[PDB]
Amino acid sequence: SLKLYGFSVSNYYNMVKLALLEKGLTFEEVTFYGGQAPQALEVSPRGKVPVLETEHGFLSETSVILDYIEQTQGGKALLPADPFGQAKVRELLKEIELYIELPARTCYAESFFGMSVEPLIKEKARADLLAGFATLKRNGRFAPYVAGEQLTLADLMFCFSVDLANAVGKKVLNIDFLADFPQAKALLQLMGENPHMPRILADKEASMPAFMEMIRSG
């Protein structure tokens, strides 16, 4: 009965969507843009997307949602079998989220929505991203996947964060992070050949006009 609330232009939503698809699980998509409206905050407490509705109620936060799905659902494992290896996947997932996705996100207004961001914000984003990509290069195994030889949750955070982060680099900061990170470049192409990727990208394109109208409205 799992329901995934969010929208197909959301990168964090697509991470959960890809996990569900990779694991062959049944789910219903519900269009939800989150935000600060009182009715939105009742679904998602900080107004963030995605949210997973279960028999027990709503769960928000991609990393938390993925762990819940891994614990409770069947289908292909997206973690290794040993505790320390599981924690390494989660370490890499958290590094990409905190030190690549979130800093890149501070510039998405400029890179994607045509609205310049403050110089101080770009300065901090540049430093944080340089440090984030350096952490990933140092800690990632890329064998070929982020954590080693098998697809794991960390690869979902990677493939839907590093693409946008690189676009922010080239468009906003004059830096092509992937140009000198061939391990990462190879993985991004490899994740692009995932059999569920065409579905993800098709749904994203199909959903883009409504999302942009939502933007221009508020």
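Position 1 is the first residue in the sequence shown; the rest follow in order.
Between 70-78 and 92-100, it is 70-78 that carries the larger average Cα temperature factor according to the deposited entry. As recorded in the PDB entry, 169-177 is the stretch of 169-177 and 155-163 with the greater mean C-alpha temperature factor. Across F133, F112, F142, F84, the entry's maximum B-factor at the CA atom is seen for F112. Ranked by C-alpha B-factor against the other modelled residues of its chain, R46 falls in the lowest third. Per the deposited record, the Cα B-factor of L25 falls in the highest third when ranked against the other modelled residues of its chain. The deposited CA B-factor of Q183 belongs to the middle third of values across its chain.
When the CA B factors of the chain's modelled residues are split into thirds, the value for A40 lands in the highest one.
Sort the chain's modelled residues by C-alpha temperature factor and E193 lands in the highest third, per the entry.
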